[PDB]
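The next block holds one structure in the form of structure tokens; read it before the comments.
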Amino acid sequence: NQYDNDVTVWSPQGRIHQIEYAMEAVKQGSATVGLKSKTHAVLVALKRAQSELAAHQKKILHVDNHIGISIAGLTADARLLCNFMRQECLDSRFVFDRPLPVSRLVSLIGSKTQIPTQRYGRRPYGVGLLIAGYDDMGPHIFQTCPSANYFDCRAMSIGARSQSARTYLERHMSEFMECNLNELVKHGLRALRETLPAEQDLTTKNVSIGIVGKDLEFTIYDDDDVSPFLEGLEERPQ
Amino acid sequence: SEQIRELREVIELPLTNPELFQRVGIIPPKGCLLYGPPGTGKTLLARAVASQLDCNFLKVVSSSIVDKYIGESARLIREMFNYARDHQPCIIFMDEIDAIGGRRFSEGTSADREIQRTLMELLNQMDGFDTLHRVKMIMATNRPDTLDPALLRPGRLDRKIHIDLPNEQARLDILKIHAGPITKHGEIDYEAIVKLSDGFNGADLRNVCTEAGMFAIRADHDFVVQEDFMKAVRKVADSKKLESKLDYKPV
Amino acid sequence: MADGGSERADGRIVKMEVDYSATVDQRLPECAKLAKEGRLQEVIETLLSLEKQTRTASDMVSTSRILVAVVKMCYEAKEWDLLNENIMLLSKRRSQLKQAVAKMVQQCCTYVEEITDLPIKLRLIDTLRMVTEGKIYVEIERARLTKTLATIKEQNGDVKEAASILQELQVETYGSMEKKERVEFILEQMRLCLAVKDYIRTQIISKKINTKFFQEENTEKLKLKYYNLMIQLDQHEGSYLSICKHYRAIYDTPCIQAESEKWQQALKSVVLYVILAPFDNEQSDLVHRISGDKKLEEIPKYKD
Amino acid sequence: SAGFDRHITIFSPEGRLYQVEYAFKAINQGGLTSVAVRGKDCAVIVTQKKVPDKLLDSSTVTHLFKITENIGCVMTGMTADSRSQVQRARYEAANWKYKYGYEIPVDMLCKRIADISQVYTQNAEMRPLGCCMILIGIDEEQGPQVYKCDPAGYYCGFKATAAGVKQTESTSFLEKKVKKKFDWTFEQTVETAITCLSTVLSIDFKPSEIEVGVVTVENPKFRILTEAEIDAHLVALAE
Amino acid sequence: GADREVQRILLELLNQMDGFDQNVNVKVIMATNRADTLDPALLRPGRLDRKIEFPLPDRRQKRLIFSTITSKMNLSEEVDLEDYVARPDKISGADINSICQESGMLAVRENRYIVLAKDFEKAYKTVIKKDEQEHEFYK
Amino acid sequence: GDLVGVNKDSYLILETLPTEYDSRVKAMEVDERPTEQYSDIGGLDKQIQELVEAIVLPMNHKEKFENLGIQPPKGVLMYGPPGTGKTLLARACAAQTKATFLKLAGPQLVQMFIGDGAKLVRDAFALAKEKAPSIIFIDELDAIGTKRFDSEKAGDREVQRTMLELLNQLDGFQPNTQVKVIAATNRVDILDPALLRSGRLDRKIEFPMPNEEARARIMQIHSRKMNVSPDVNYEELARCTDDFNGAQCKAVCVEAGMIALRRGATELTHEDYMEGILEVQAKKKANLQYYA
Amino acid sequence: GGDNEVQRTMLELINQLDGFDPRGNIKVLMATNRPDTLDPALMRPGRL
Amino acid sequence: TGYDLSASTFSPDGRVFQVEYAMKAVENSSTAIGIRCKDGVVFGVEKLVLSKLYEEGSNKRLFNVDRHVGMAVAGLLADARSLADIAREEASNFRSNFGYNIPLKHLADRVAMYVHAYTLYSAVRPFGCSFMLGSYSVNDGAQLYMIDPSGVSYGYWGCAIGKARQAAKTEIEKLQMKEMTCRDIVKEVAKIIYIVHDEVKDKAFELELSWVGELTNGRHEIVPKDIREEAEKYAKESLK
Amino acid sequence: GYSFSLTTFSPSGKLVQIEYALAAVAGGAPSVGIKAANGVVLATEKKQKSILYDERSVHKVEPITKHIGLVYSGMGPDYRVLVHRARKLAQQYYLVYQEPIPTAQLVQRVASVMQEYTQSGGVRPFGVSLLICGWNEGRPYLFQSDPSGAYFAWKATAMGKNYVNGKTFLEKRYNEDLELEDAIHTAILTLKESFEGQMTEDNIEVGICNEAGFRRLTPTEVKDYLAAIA
Ligand SMILES: Nc1ncnc2c1ncn2[C@@H]1O[C@H](COP(=O)(O)OP(=O)(O)O)[C@@H](O)[C@H]1O
């Protein structure tokens, strides 16, 4: 436990515990699910209420006309990386007059979060980014981690009890490349309902859906346009 | 053996042969200090000389003689010398003096004052008012850089002697002794073993002779082939390299 | 791999006379490069000592005559050169020196009974001069011990030979197979110090002996050589009871060796000078022990 | 002990400080030994190599480091600290030639190296570079020189030099060696530079296990010997 | 706890040394190492009247300890310890014993009754060889 | 130390009828006891084979160690991070080796009776010496295996009487067949390894933390005896476990079943194991208003 | 390192706590203010 | 121990455990080997699939530093990414200041001094990475380098980094690499990866082979192993 | 608990770390300074470990200006720092005032340098005391600084190992006036007081201050004084 104080101190087993603890901060946030077809990348998140009459805290947030991100973890590092995220996108619009490739944007984030994981005097960023995008080579789903190991993936779910969503996605990932915009969304929100205790239901007021498409700008829906998506579902198999 | 002969004059020759010390006219039954990094020889020399015309040899680990209550560590030292005055030829052996040897200083308030009073009892009952007669003391520690100068002055520990780990030729000697009563074919390239062997410890060389036997028992051989040694040398050299904090800095 | 060295060994031991002797020295560096090799199983040290065993034996056939200057000069130039193709230590500490030098003193054990003093003391000094500074440590020590015990019998003892062995006693007590060989070697120089009439030197080294007591058990002639020097040492002094206590050991050992006159010399030496001791209670009980015996009436000094 | 736990670079009541004198035993984890000898107009570095693997190369192992055209050196201690020590030596040798317009003396270079090591002792918050450096060079109206620089910031110049694991044994030889009056005629030097090391370690190489740097007042360039001429001197002292 | 037990053993010692009773004809002899450490209540006279310091030796007392040890010793030479009376790097009085003891070992070690004055220097360098590194550093 | 029958006035021994005690020493006799497979233990087949090289091959090749010119060891020491693998492997050892097993625990020696630690040490060893194939088990010997450098060993008046008498008897008997002695401790760094070193407890058998699949099957073996819902993802159970021994893995399974008793449900779930995970190290969650 | 009439009570109760209780009917509850005095042998399952 | 928190302190015997600790974090990484033929350098990485949702070429450990230089990292992957950007940036300054391509002997010196600087100060930690450097030129031939976390850098003919560092170079050294062409090497790298630990304690892995030499005209790129698939066709023949 | 840092006090007395640094001065080589009627004599003790070390490489008596010399007793590598500091600081006077700096004026300033390393909190103080000499405006001067930052003026003093014997010697051995030659004869006699071996021309090293400037002696000059030295 005497090695468990700073980011600088290695362990006698080779495992820095402060990075291992920031992984646990990602599991404090709610679950969120991202996936993609050949033409459409959809990420769906789960809101959480603070009280009975307060508004639900938002998860999906717009970045650029072809990139939107989800969130899990500390809200301090959420807006801190978002302001770095939005700044880099409009610089490529200002200098190169093109949108950024999504892949090389994420490499800037890994270089960003690397330095506070090695120098003393700054904690790592406890955060759980899921990124959807469109470069010239189609849709992408990316995840990051506070250990700065960014992963390319075709479907992913992170947050609290998000393993049950992953087991759903493995037995349906073959079906995802061919379906259209419509059931791809409700392939995705069939995965969130296993990250719920079986006594409550996925309503309108607690879920957000963001879609970016090949000919579609990144659009966030909430609480009213979710009802065309929530129709055509079965109940839970109890 | 060069240190062994120097050990035997000051310990064996008093109790076996006092007439030589009366020709020139000289006393000493005093005792030695064996300093040298651990594993080499610091106990066997004590045990070898405690076989040649033996008597009631003692063994003290010098770390079981400390506990909570304050007047007990002196009480053990007083008793062990009273036993030595009981049986008149006697050899005291105390490994790792550095535990209670130490040096005196200003304030260590809680624990250190007991240790120094434990030390002064030991320091002044082997050179006390009573003449310690017919009793010899062998002190052995792997550390000693910090000992009490009152412990180190000649008169109490009259001659010190150093013990080194290798030679490449004492390596040749220890290997032939521990690979002594072991059935083989005489196919033993001892030197190329010793060339590969950086064992630094006859306990490691005892381990090499132990493991080379075990690989000979593997695949059911009544002999020992020379390859069983090279399997044993690579295992023992690997097992040594898997250890940390193994400092070698004596005086 | 060393079977080529075996058919090298086949070639030389027939052709020492058919071929010239320097051709054996032309086969020298190839076996010396084999002596470098000694790797795993085939050209290893154990077989490498054998080709050195053959060339030393073939040299002793050639240098069996008084022309001994081949075997001495080639061997020294061998061990120098195979160091000199390298640095520090020859090829291995064990074989190539000490198994060959064990044969050197073995061959010296054979030719000592015939050859004159000159080429053997050239031979003994050239194995002195190689174990003085070169290959001198343990592995092995007893080979020079038995060599310097053979070195000392040349001029049969003088001032030089006593000092020649006193310099080489003090080391050889660490081990030296203490079961006879050290004990025989350590009583050899005390008669030498009696020959140079150094009596204080003798009784210091005589005081070393007796902890190997009961040496009458397996051997017998070790005992008599000890006390016959012990009685001579005090004979320059006078502790006359101490010789008679020694003579008791001289009495009871050849009695079981069944002597009829040699036993009587030991008996009549006892009965002579317990008398010459000054009077003491130790004289009184000793004459009460040594008299009244059925072995003693043979002499008119029973009455004395 | 009095026991300050010696965690940083401060004093002890005995009067000394332990972290710097822990760096002197930091050399010993190299497992290596180096010898410099100055006898006459020539000066000789000699140092063994240790190649443990056949996959490992041979050319990229050498500890002989050419500082300038007329100044070479050898490094002991741990490897990574040794090469960064050389980079300051190559750098400040070139600032001398730039600022002052002539070639730097071998004596002045060790003052610059030892003063860099002094600041790390005086001021904290940098590990003090556990490696040792031995130099050679020719100086006009001075002959050749040999210098050693310590991790404490100490330097001195002296004739026969040992470093690495076996200082006390090799220096015990050279006192017994350099007490007579020799003239050291460049094969007298190289032979003892072998045979000082050729009482110590008991090895026997075929001639590919050492390195020899040399400098001479007939060609003051620094010079690393060829494997062939190493073999020549290895049988030239050696009959 | 138990450090005031040490401290009260002082006080009982101070009482039965200078209390009311004044136990006559008893005598107290004490001997320590470095005595600047201890209690000034001991050091007041009336209780510890005599303050006697022992130096190591000095010169002209090295001679006297050389005499008294070698008197009962078969030195019997013409090579004197005068070279080793006047050495610096002072040598405590128990060490003079060890010099004669080591030479006594080293006389019998080559089987002599006599000290032949080359052993005497081997004995001298054995007992005196202590400070060996100093790292050529802090002078 | 015998309970001899002495006359009142003459103070002379008339009878003895000694050695009368209580049911704890009676409870030490375990012979021909049920079978746990070595193959049930996964991933530690080395330490199984190392034990065969240590003890079983002495029993197999009794004379191959005698004509060769070496000595079979008689002290083999098991150690690891925690148990479930210390007792459990030793439970696997005498399950299929039937040669008169004899277990013994640590503080069972510790009595209020002075010296009857050392009396019970020697008399059980001498009883095991009277049996011809009997091997000796010692459980939690680190309870007296002590004497580390500064802070511990605390005294004592039972540790030294039991440790020395252990060192007394273990040097007493010859190291041949078949009175091999096995000690079971937790950690060598509490023990005295270099004091034993030669003919005493010498062979070091280290244990690691078990693997994911090993902990996953430890769940299903322990969950056999209860009503479990047959919707169990052991891949979920393998990876969710971390820094858990099989003792805690048994505890998770029992705590999952106890929570299903709290709500009165007949079956389990993986969440019930996850709730058991929160119950073992006493975790408790909420909404924490940092995390959106 | 006690063993003066406290352990007489203690060793006898832990003797009779197991041994005579597989599948019992009488439950026993302990209560204290000091969590120092927890026995892991009690907390070994079967007892507590 | 109790002397091993900072990397600025020595042990009482004279070493730094924070460097010692970071070396055996690389030991838990998967095995990546390297080998050079007489006209090029061939890399090879055993890389294992995380679960299933890896997308077939994500987070690769074969980097591309310059036109003719690439890396074969192993250890903490994110720490190697930042370290690779140092090497990418270092070759650009040599191009801008000297007008030609960076020599590999000089490039390894510039990186290893930068790795060395993190082994001194208490404010930073040492890197938890180790990697390979391969290149090829017509004026210099092929070279192959090796950098530990301490900063020690020198050249090999074959090497391995990972769990089976010893268990791989046991059978690298039984190859006559001085005369083989690198097209023959590619099928020989395939068996060395496939010999050690296909799916024993793991589930699945995937092979990555980088490739520089005379056949690529000095370029450094991935093999066309989607072409001809000859690695797995030949490595899986060692089942018997 | 106060003996590990520098920026805080003890509840009763003074700074602990500066007192520990003065213990390092006592474990240095011995050195003697004597102020005569017309000059100042410095003298030190220079024994090498082995025969191998060259004596003409490193010097102890060291000039600062043409009339200002300087020795020490402490740690040699820290000595070279503040020598090079005192060199450059002596020129800065001369660039301003076009006049050689008086010996009272350096020791104002050199002590202010040694002052600054006694500040907070991650630096160590020096382990060197100094002896500074010079002949400015007829009268000579002999000063002594320390790692604390104080500075004085001795008639004669000694520092290093066994200084208390040399203090008691020179307390008996000083008068008001001798010549510069008789000061040299009594400065070697006090260095011989605590010495181990044959004092040759290379075991010691002596520099003086005339009114005609500062100079250190050659080994031939130091031989001929040590030849027939009492
Ligand atoms: N020179 C040697 N000759 C014979 N045995 C040796 C030698 N050196 C070590 N050993 C073996 O090593 C073991 C450890 O020796 P020991 O004296 O206990 O080490 P230490 O000196 O540290 O106490 C012994 O059992 C002994 O058999």
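FYI, nothing fancy with the structure tokens labels: chains A, B, ... in order, residues from 1 per chain, ligands from 1 as they appear.
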From region 58-284 of chain F, collect each residue whose DSSP state is strand (DSSP E) and return the set as a short mmCIF file (atom, residue, chain, number, x, y, z; two decimals) with N, CA, C and O atoms, in the first residue's frame.
data_model
loop_
_atom_site.label_atom_id
_atom_site.label_comp_id
_atom_site.auth_asym_id
_atom_site.auth_seq_id
_atom_site.Cartn_x
_atom_site.Cartn_y
_atom_site.Cartn_z
N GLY F 75 11.75 -33.04 4.40
CA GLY F 75 10.95 -31.87 4.71
C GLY F 75 10.63 -31.05 3.48
O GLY F 75 11.51 -30.45 2.87
N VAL F 76 9.35 -31.01 3.12
CA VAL F 76 8.87 -30.31 1.94
C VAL F 76 7.83 -29.30 2.41
O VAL F 76 6.90 -29.66 3.14
N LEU F 77 7.99 -28.05 2.00
CA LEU F 77 7.21 -26.95 2.55
C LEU F 77 6.31 -26.33 1.49
O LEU F 77 6.79 -25.94 0.42
N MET F 78 5.03 -26.22 1.81
CA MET F 78 4.04 -25.58 0.95
C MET F 78 3.80 -24.15 1.41
O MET F 78 3.63 -23.89 2.60
N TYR F 79 3.78 -23.23 0.45
CA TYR F 79 3.55 -21.82 0.75
C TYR F 79 3.04 -21.12 -0.50
O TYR F 79 3.32 -21.53 -1.62
N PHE F 101 -1.93 -41.51 6.78
CA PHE F 101 -1.90 -40.06 6.95
C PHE F 101 -2.11 -39.68 8.41
O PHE F 101 -2.80 -40.36 9.16
N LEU F 102 -1.45 -38.60 8.82
CA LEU F 102 -1.55 -38.14 10.20
C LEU F 102 -1.49 -36.62 10.19
O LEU F 102 -0.40 -36.04 10.07
N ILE F 135 3.17 -40.71 7.07
CA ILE F 135 3.73 -39.39 6.86
C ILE F 135 3.03 -38.42 7.80
O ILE F 135 1.89 -38.64 8.23
N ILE F 136 3.72 -37.34 8.11
CA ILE F 136 3.30 -36.40 9.14
C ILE F 136 2.89 -35.10 8.47
O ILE F 136 3.65 -34.53 7.68
N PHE F 137 1.69 -34.63 8.79
CA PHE F 137 1.23 -33.33 8.34
C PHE F 137 1.24 -32.35 9.50
O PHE F 137 0.89 -32.71 10.62
N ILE F 138 1.64 -31.11 9.22
CA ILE F 138 1.65 -30.05 10.21
C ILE F 138 0.93 -28.85 9.61
O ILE F 138 1.34 -28.33 8.57
N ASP F 139 -0.14 -28.41 10.27
CA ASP F 139 -1.00 -27.37 9.75
C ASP F 139 -0.77 -26.08 10.52
O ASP F 139 -0.69 -26.11 11.76
N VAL F 181 8.00 -35.94 6.56
CA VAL F 181 7.28 -34.94 7.34
C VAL F 181 6.94 -33.78 6.42
O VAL F 181 7.81 -33.26 5.72
N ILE F 182 5.67 -33.39 6.42
CA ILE F 182 5.19 -32.27 5.62
C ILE F 182 4.68 -31.19 6.56
O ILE F 182 3.84 -31.47 7.42
N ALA F 183 5.17 -29.98 6.38
CA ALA F 183 4.63 -28.82 7.08
C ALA F 183 3.83 -27.96 6.10
O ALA F 183 4.16 -27.87 4.92
N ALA F 184 2.78 -27.33 6.62
CA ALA F 184 1.95 -26.43 5.83
C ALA F 184 1.85 -25.10 6.56
O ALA F 184 1.30 -25.03 7.66
N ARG F 203 12.61 -28.18 0.89
CA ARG F 203 12.15 -28.01 -0.48
C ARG F 203 11.06 -26.95 -0.52
O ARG F 203 10.00 -27.11 0.10
N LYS F 204 11.33 -25.86 -1.23
CA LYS F 204 10.40 -24.73 -1.30
C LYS F 204 9.41 -24.96 -2.43
O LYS F 204 9.79 -25.04 -3.60
N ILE F 205 8.13 -25.06 -2.09
CA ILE F 205 7.08 -25.25 -3.07
C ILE F 205 6.19 -24.01 -3.03
O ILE F 205 5.30 -23.90 -2.18
N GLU F 206 6.45 -23.06 -3.93
CA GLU F 206 5.67 -21.83 -3.97
C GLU F 206 4.36 -22.05 -4.71
O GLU F 206 4.25 -22.89 -5.61
#
Task: Cut-off 6 Å, only C-alpha atoms and all ligand atoms, neighbours of ligand 1 as a count of residues only - done: 11
- [ ] Dump as a list in words the residues of chain H that approach chain D to within 7 Å, counting only C-alpha atoms.
- [x] residues 8, 9, 10, 12, 13, 14, 15, 113, 116, 120, 121, 122, 150, 151, 152, 154, 155, 156, 157, 158 and 173 of chain H
Task: Residues within 12 Å of residue 64 (chain E), only C-alpha atoms, excluding chain neighbours under 4 positions, as a ChimeraX atom specification - done: /E:57-60,68-71,81-82,85,93,96
- [ ] Quick one: everything within 9 Å of residue 92 (chain D), counting only C-alpha atoms, minus sequence neighbours fewer than 4 positions away in the same chain. Send it as a PyMOL selection string.
- [x] chain D and resi 87-88+96-97+109+112-113
Write to file, as a PDB file, in the first residue's frame, the residues of the selection just made, with N, CA, C and O atoms.
ATOM      1  N   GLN D  87      28.858  12.136 -24.087  1.00  0.00           N
ATOM      2  CA  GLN D  87      28.293  13.204 -24.903  1.00  0.00           C
ATOM      3  C   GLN D  87      28.642  14.581 -24.370  1.00  0.00           C
ATOM      4  O   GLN D  87      28.876  15.498 -25.158  1.00  0.00           O
ATOM      5  N   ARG D  88      28.713  14.740 -23.052  1.00  0.00           N
ATOM      6  CA  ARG D  88      29.199  15.998 -22.509  1.00  0.00           C
ATOM      7  C   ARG D  88      30.683  16.164 -22.762  1.00  0.00           C
ATOM      8  O   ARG D  88      31.157  17.289 -22.948  1.00  0.00           O
ATOM      9  N   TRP D  96      35.801  24.227 -26.548  1.00  0.00           N
ATOM     10  CA  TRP D  96      37.141  24.747 -26.330  1.00  0.00           C
ATOM     11  C   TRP D  96      37.767  25.184 -27.638  1.00  0.00           C
ATOM     12  O   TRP D  96      38.307  26.289 -27.732  1.00  0.00           O
ATOM     13  N   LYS D  97      37.706  24.319 -28.648  1.00  0.00           N
ATOM     14  CA  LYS D  97      38.276  24.625 -29.951  1.00  0.00           C
ATOM     15  C   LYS D  97      37.582  25.812 -30.597  1.00  0.00           C
ATOM     16  O   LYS D  97      38.225  26.612 -31.284  1.00  0.00           O
ATOM     17  N   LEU D 109      40.228  18.926 -19.549  1.00  0.00           N
ATOM     18  CA  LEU D 109      38.940  18.316 -19.840  1.00  0.00           C
ATOM     19  C   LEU D 109      38.362  17.637 -18.612  1.00  0.00           C
ATOM     20  O   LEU D 109      37.142  17.627 -18.430  1.00  0.00           O
ATOM     21  N   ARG D 112      36.458  20.100 -16.405  1.00  0.00           N
ATOM     22  CA  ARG D 112      35.099  20.369 -16.854  1.00  0.00           C
ATOM     23  C   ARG D 112      34.169  19.212 -16.545  1.00  0.00           C
ATOM     24  O   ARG D 112      33.010  19.440 -16.197  1.00  0.00           O
ATOM     25  N   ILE D 113      34.655  17.975 -16.637  1.00  0.00           N
ATOM     26  CA  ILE D 113      33.794  16.831 -16.363  1.00  0.00           C
ATOM     27  C   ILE D 113      33.498  16.726 -14.878  1.00  0.00           C
ATOM     28  O   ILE D 113      32.353  16.493 -14.475  1.00  0.00           O
TER      29      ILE D 113
END
Open item on the list: List as a list in words the protein and nucleic acid residues near residue 105 (chain B), meaning an atom at most 10 Å away when only C-alpha atoms are counted, but skip any in the same chain fewer than 4 places from it.
Closed with: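 Once the adjacent positions are removed, what remains is residues 112, 113 and 116 of chain B; 1 and 2 of chain D.
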How would the residues just chosen look if you wrote them out with N, CA and C atoms as a PDB file, in the first residue's frame?
ATOM      1  N   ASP B 112      16.684   0.885  22.156  1.00  0.00           N
ATOM      2  CA  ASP B 112      18.130   0.830  22.013  1.00  0.00           C
ATOM      3  C   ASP B 112      18.869   0.794  23.335  1.00  0.00           C
ATOM      4  N   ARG B 113      18.287   1.347  24.393  1.00  0.00           N
ATOM      5  CA  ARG B 113      18.943   1.304  25.688  1.00  0.00           C
ATOM      6  C   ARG B 113      18.987  -0.095  26.266  1.00  0.00           C
ATOM      7  N   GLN B 116      22.043  -1.815  24.424  1.00  0.00           N
ATOM      8  CA  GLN B 116      23.353  -1.399  24.899  1.00  0.00           C
ATOM      9  C   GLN B 116      23.656  -1.974  26.273  1.00  0.00           C
TER      10      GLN B 116
ATOM     11  N   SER D   1      23.274   1.673  13.993  1.00  0.00           N
ATOM     12  CA  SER D   1      23.893   2.887  13.481  1.00  0.00           C
ATOM     13  C   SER D   1      23.190   4.132  14.001  1.00  0.00           C
ATOM     14  N   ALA D   2      23.788   5.297  13.745  1.00  0.00           N
ATOM     15  CA  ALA D   2      23.084   6.550  13.987  1.00  0.00           C
ATOM     16  C   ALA D   2      21.898   6.668  13.045  1.00  0.00           C
TER      17      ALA D   2
END
Excluding residue 69 (chain F) and residues on its chain fewer than 6 positions from it, collect all residues at most 9 Å away from it, counting only C-alpha atoms, and give them as a compact mmCIF listing (two decimals) with N, CA, C and O atoms, in the first residue's frame.
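In the end it all went to result.txt:
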# COMPACT_ATOMS: atom_id res chain seq x y z
N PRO B 181 31.19 -38.76 -2.50
CA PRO B 181 30.49 -40.05 -2.51
C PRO B 181 29.24 -40.07 -3.38
O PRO B 181 28.13 -40.21 -2.88
N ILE B 182 29.42 -39.92 -4.69
CA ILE B 182 28.34 -39.93 -5.67
C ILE B 182 28.81 -40.76 -6.86
O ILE B 182 29.85 -40.47 -7.44
N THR B 183 28.04 -41.78 -7.20
CA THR B 183 28.43 -42.71 -8.25
C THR B 183 28.40 -42.05 -9.62
O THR B 183 27.47 -41.30 -9.94
N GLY B 213 22.57 -34.87 -9.01
CA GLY B 213 22.07 -36.18 -8.64
C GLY B 213 20.63 -36.39 -9.04
O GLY B 213 20.27 -37.45 -9.55
Task: Those in region 113-243 of chain F with alpha helix (DSSP H) from DSSP, as a PyMOL selection string - done: chain F and resi 116-130+159-170+212-222+234-240
Interface rows for chain E against chain D: nearest pair, Å to one decimal, 10 Å, only C-alpha atoms, as JSON lines:
{"residue": "E:134", "atom": "CA", "partner": "D:21", "partner_atom": "CA", "distance": 9.9}
{"residue": "E:135", "atom": "CA", "partner": "D:21", "partner_atom": "CA", "distance": 7.9}
{"residue": "E:136", "atom": "CA", "partner": "D:154", "partner_atom": "CA", "distance": 8.1}
{"residue": "E:137", "atom": "CA", "partner": "D:154", "partner_atom": "CA", "distance": 7.2}
{"residue": "E:138", "atom": "CA", "partner": "D:16", "partner_atom": "CA", "distance": 8.2}
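Residues in contact with region 157-174 of chain C at 9 Å, where only C-alpha atoms are counted and same-chain residues fewer than 6 positions away are skipped, are listed as residues 1, 2, 4 and 5 of chain B; 141, 142, 145, 148, 149, 151, 182, 185, 186, 189, 190, 192, 193, 195 and 196 of chain C; 109 and 110 of chain E.
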- [ ] Tell me the residues of chain C close to chain B, meaning within 12 Å using only C-alpha atoms, as an MDAnalysis selection string.
- [x] chainID C and resid 36:49 89:96 135:140 170:176 200 203:212
Preceding selection exported with C-alpha atoms as a compact mmCIF listing (two decimals), in the first residue's frame:
# COMPACT_ATOMS: atom_id res chain seq x y z
CA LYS C 36 42.16 -25.76 -26.09
CA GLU C 37 38.99 -27.46 -27.28
CA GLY C 38 37.73 -29.86 -24.56
CA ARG C 39 34.14 -28.95 -25.34
CA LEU C 40 31.38 -31.42 -24.52
CA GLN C 41 31.82 -35.19 -25.01
CA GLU C 42 34.40 -36.19 -27.65
CA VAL C 43 37.61 -34.12 -27.46
CA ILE C 44 37.21 -33.41 -23.75
CA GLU C 45 39.84 -32.99 -20.94
CA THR C 46 39.78 -36.67 -19.93
CA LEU C 47 40.89 -37.72 -23.40
CA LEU C 48 43.15 -34.64 -23.66
CA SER C 49 45.19 -35.82 -20.68
CA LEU C 89 45.78 -20.00 -16.89
CA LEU C 90 46.86 -22.82 -19.21
CA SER C 91 43.77 -24.70 -20.36
CA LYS C 92 42.27 -26.21 -17.17
CA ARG C 93 43.75 -26.48 -13.70
CA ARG C 94 43.38 -30.23 -13.34
CA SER C 95 44.60 -32.53 -16.04
CA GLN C 96 47.36 -31.36 -18.36
CA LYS C 135 51.14 -24.18 -11.09
CA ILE C 136 51.60 -24.08 -7.37
CA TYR C 137 48.25 -24.14 -5.59
CA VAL C 138 46.11 -27.06 -4.42
CA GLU C 139 45.20 -29.37 -7.30
CA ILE C 140 47.62 -30.79 -6.38
CA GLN C 170 54.07 -25.70 7.60
CA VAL C 171 51.66 -25.58 4.66
CA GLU C 172 51.16 -29.29 4.17
CA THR C 173 49.25 -29.93 7.40
CA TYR C 174 45.90 -28.56 6.24
CA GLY C 175 45.05 -31.94 4.74
CA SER C 176 47.68 -34.12 3.06
CA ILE C 200 64.96 -27.09 20.33
CA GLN C 203 61.01 -30.94 20.32
CA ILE C 204 58.68 -28.31 18.92
CA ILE C 205 57.83 -30.47 15.93
CA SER C 206 57.89 -33.64 18.03
CA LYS C 207 55.12 -32.10 20.14
CA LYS C 208 52.90 -32.16 17.03
CA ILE C 209 52.84 -35.94 16.78
CA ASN C 210 51.06 -37.69 19.61
CA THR C 211 47.48 -36.63 18.85
CA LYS C 212 47.58 -39.41 16.23
